[PDB]
Amino acid sequence: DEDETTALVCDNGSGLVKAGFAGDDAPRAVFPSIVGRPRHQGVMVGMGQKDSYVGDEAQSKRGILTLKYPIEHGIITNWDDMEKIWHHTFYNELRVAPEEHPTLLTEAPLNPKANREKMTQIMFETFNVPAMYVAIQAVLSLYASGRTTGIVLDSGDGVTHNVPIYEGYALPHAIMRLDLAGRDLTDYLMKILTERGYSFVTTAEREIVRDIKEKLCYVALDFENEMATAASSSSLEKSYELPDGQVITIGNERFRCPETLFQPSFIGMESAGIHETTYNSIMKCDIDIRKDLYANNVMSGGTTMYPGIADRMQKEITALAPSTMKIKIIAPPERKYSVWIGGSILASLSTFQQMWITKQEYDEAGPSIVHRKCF
Amino acid sequence: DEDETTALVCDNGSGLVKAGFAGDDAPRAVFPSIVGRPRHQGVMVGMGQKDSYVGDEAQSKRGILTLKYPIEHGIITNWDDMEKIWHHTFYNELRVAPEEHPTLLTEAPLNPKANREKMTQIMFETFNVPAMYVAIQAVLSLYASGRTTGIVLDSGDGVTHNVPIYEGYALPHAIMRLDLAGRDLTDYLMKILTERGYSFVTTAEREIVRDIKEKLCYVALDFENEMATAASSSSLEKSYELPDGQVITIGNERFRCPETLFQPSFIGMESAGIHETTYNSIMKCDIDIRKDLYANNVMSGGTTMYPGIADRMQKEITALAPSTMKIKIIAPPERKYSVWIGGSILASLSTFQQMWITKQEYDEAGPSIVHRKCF
Amino acid sequence: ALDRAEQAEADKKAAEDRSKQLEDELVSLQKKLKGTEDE
Ligand SMILES: Nc1ncnc2c1ncn2[C@@H]1O[C@H](COP(=O)(O)OP(=O)(O)O)[C@@H](O)[C@H]1O
Ligand SMILES: Nc1ncnc2c1ncn2[C@@H]1O[C@H](COP(=O)(O)OP(=O)(O)O)[C@@H](O)[C@H]1O
Ligand SMILES: [Mg+2]
Ligand SMILES: [Mg+2]
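Chains as they are written, first to last, in the working numbering: chain A, 1 to 375; chain B, 1001 to 1375; chain C, 2001 to 2039.
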């Protein structure tokens, strides 16, 4: 299927795995990060004895399979799910073995050392891979953006990373990760819908309402004013049609769901909102480059697909920062895949072909030394 | 409770307020500098309507109250917290009114004029105090040390001051403040523990790990060699028992946490380490007295309670300065309270009773003139 | 019985914390004494 000896770019982002060959502009195999496991034991004869579903095979059946998240906040919980999702991506979709081409994986900023050593060991010992490389997502996203300056805000599913890069330089000190993202928003919407009257307590409905949020939920331009005008609703409340057919009616809750990002007090945490944390990060940077960080801020992550985030960011930053300079916020189209896109354009360089880590040096050095070599 | 008309020594140091009457050898009321504010709104009936907790009342409950620091880097952020902590210290612990005795407060070197004018105004207009006085911490610490020569290194919680005093002579031009202290060390330990695997993002855990650091974290005598020998750990890693019961295992991170003081590059700041900044300060002084500053260097601040700071300072200064002279470093026992102790022995002199500032002259002159009179 | 057990356990925890603090202070003091003797 592939006639070019190039690394397979597999972005294992929290919530959605995006795998594809280098050189492509979009991932071909896109599936959620979920593992379905047979709950009961059947006396039936003939069905697949497979004890571990994955991807679309699990999405197609969520009532029988208990759903487990292979990644939580960033820390890898179960490694069997890791081996399952890579083995599946290798021998069920791509139809190619890892013994013929490299593999450029993308990991989140500020992750545990155990996670890195574990994935590297599974990719070297178990699977025969000629070479591995771990890369931070923020750099590849800035590559795909086509710039060298700005602060990347990557909001995945269970973690949110703010990474400032000015003039093409990393700042490992200022990267601050906060576990507020799509899962805590799904939980907030679920508890407020339970407050509305429709109560559910199973994961399949949680994924359904997550999809409903992805499709409908947006960000408000003025929270309190929308609350007041929605008190007497007319066009502000919408009636959604569940894929099963049950008629759901959702009004203001939509534009109050992502608001939890701006007010973490809703989930009883002393952490500051994403905008205030980004602002504090800007103060932690130097003054000289702060204006450039204001003018080149970039966004990444699937959570940014909601309509109305750019305007909300502009008003909040204008209210926090002075209103004398110019603070333009740029969001490139299809930003979610941009990271993966970067991977593709990063795997075609010959120099990058010279910066890989082969098996033998890793085996003698050991995983810890490999951690030192990368950074 | 008090039968002597003597000033109340209230050291409002960053991180810990230490209040007590003059003449005593240690502060009786010692509580952290924190303000707990009710996060949610309760429908319950009967609980205290008090809207602002302080001190031990806030320490006892950190899960319900969002914690705010009343002092940051040195600059006073919120004045309501100031009024709260003084009113509390006056009408909840000491059980004495400020209308009967003076008050000798201690402020940090090189502080804003707004801070001084604000505290003086709250201490004159609002509260009826017969007389106020602002004092620098370094002089009182040198008093308690029982000498007149040396360079005082006061490392509080959010600021670190290096103050050279030779023959009792202050040098306002050489005092250089740098905002590297216990909070940036707590942040570094937190991010590296998040790197280890245990991730938290709330202030209560931050205070808990701060206490864990105060109890366990020490300074290394040789960073790289300890790194090498800790690669294969045995007795170098310790298993701590959280007050809640969760078994934490912390190894090298301990003696790498305060190392950020010696290598500010970890937090991406061009500032120099505390030892190098002190060395540069010594070059800024005159050569004649430099040897005396080498032989009489004194330390102050709670951050100095870690074991192994004296030896690390000696090796670093010996590596930086020549090794021909004698460079003895002296650290008096219970140095943290020494400052406060000084206050006590400073409030008993009759001459000091003649150097106070009464209400009437301040009222006619105004606060700015009061600033000129002090210095 | 459980109340007395919990009280005794609290007292034991306090005593053991004090003992461990004293042991840490003692080993640090021994190191300082060794250094002073070398000097
Ligand atoms: N099309 C979409 N619309 C709205 N939200 C989305 C969409 N796709 C993903 N998300 C949200 O983004 C999160 C996953 O993001 P992720 O795939 O990790 O981004 P990236 O791959 O850029 O790191 C989930 O919480 C999900 O709710
Ligand atoms: N017993 C202790 N052990 C270790 N560190 C301490 C201790 N007490 C205070 N500290 C540290 O000192 C800082 C506060 O110092 P501070 O009370 O301002 O000193 P001072 O009162 O001498 O100015 C905090 O960052 C805290 O972590
Ligand atoms: Mg993302
Ligand atoms: Mg201090």
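From the three backbone atoms N, C-alpha and C, an ideal C-beta is built for every residue, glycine too.
Between the CA atoms of residue j and residue i - distance to the nearest angstrom
i	j	result
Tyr-53 of chain A	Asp-1211 of chain B	45 Å
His-1173 of chain B	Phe-375 of chain A	41 Å
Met-1082 of chain B	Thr-1089 of chain B	11 Å
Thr-1194 of chain B	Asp-1157 of chain B	22 Å
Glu-364 of chain A	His-101 of chain A	22 Å
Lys-1213 of chain B	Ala-228 of chain A	48 Å
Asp-222 of chain A	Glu-1057 of chain B	37 Å
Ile-250 of chain A	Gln-59 of chain A	25 Å
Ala-1007 of chain B	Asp-1024 of chain B	12 Å
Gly-1302 of chain B	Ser-1232 of chain B	33 Å
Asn-297 of chain A	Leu-2029 of chain C	54 Å
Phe-266 of chain A	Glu-276 of chain A	15 Å
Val-139 of chain A	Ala-204 of chain A	35 Å
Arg-335 of chain A	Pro-27 of chain A	13 Å
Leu-1104 of chain B	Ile-330 of chain A	54 Å
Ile-317 of chain A	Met-325 of chain A	12 Å
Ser-323 of chain A	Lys-315 of chain A	10 Å
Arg-1095 of chain B	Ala-1131 of chain B	19 Å
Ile-1208 of chain B	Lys-2034 of chain C	33 Å
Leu-1110 of chain B	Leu-1016 of chain B	19 Å
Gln-360 of chain A	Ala-2014 of chain C	54 Å
Where residue i meets chain B, residues with beta-carbon distance less than 8 Å
i	result
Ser-2019 of chain C	None at all; the shortest Cβ gap to chain B is about 14 Å.
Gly-268 of chain A	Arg-1039, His-1040
Partners in chain B for residue i, counting only beta-carbon separations shorter than 9 Å
i	result
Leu-349 of chain A	Within chain B, no residue comes near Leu-349 of chain A; the closest Cβ sits about 28 Å away, beyond 9 Å.
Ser-265 of chain A	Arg-1039, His-1040, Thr-1066
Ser-271 of chain A	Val-1201, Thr-1202, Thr-1203
Test: residue i CB closer than 9 Å to a CB of chain B
i	result
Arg-177 of chain A	yes
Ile-75 of chain A	yes
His-87 of chain A	no
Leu-171 of chain A	yes
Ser-141 of chain A	no
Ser-368 of chain A	yes
Cβ-heavy atom distance, residue i to ligand 3, below 8 Å
i	result
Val-1370 of chain B	no
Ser-14 of chain A	yes
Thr-303 of chain A	yes
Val-339 of chain A	yes
Proximal residues of chain D, C-beta to C-beta of residue i below 9 Å
i	result
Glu-1195 of chain B	Absent from the structure is chain D; the protein chains it does hold are A, B and C.
is_contact[residue i, chain C] using C-beta, thresh 9 Å
i	result
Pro-1258 of chain B	no
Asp-1011 of chain B	no
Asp-1311 of chain B	yes
Residue i CB to nearest heavy atom of ligand 2 below 8 Å
i	result
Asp-1157 of chain B	yes
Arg-1183 of chain B	yes
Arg-1210 of chain B	yes
Any non-hydrogen atom of ligand 4 closer than 8 Å to residue i Cβ
i	result
residue 943 of chain B	Since the displayed chain B opens at 1001 and closes at 1375, residue 943 of chain B lies outside it and no answer follows.
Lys-1336 of chain B	yes
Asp-1179 of chain B	no
Chain-ordered chain A contacts of residue i [CB-CB under 8 Å]
i	result
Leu-1346 of chain B	What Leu-1346 of chain B touches in chain A: nothing, since even the nearest Cβ is about 37 Å away.
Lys-1191 of chain B	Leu-110, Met-176
Neighbouring residues, chain C, relative to residue i (Cβ below 7 Å)
i	result
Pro-1307 of chain B	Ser-2028
Proximal residues of chain C, C-beta to C-beta of residue i below 8 Å
i	result
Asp-1001 of chain B	Here the premise fails: no neighbours, minimum Cβ distance about 29 Å.
Neighbour flag for residue i against chain A, beta carbons, 9 Å
i	result
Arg-1039 of chain B	yes
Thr-1229 of chain B	no
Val-1201 of chain B	yes
beta-carbon residue i near ligand 1 non-hydrogen atom, thresh 8 Å
i	result
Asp-11 of chain A	yes
Could you pull out every unbroken beta strand (DSSP E) segment of at least 3 residues lying fully inside the segment 51-137 of chain A, listed in chain order?
-> 65-68, 103-107, 131-136
Which ranges would you report for the beta strand (DSSP E) in the segment 219-252 of chain A if only whole runs of at least 3 residues count?
-> The beta strand (DSSP E) runs of length 3 or more contained entirely in the segment 219-252 of chain A are, from start to end of the chain, 238-241, 247-250.
Unbroken alpha helix (DSSP H) runs of length 4 or more, entirely within the segment 136-213 of chain A: which are they?
-> The qualifying runs are 137-145, 182-196.
Whole beta strand (DSSP E) elements within the segment 1002-1036 of chain B, 3-residue minimum = 1008-1013, 1016-1021, 1029-1032
Whole runs of the alpha helix (DSSP H) within the segment 1298-1332 of chain B, excluding any shorter than 4 residues = Complete alpha helix (DSSP H) runs here, min 4: 1309-1320.
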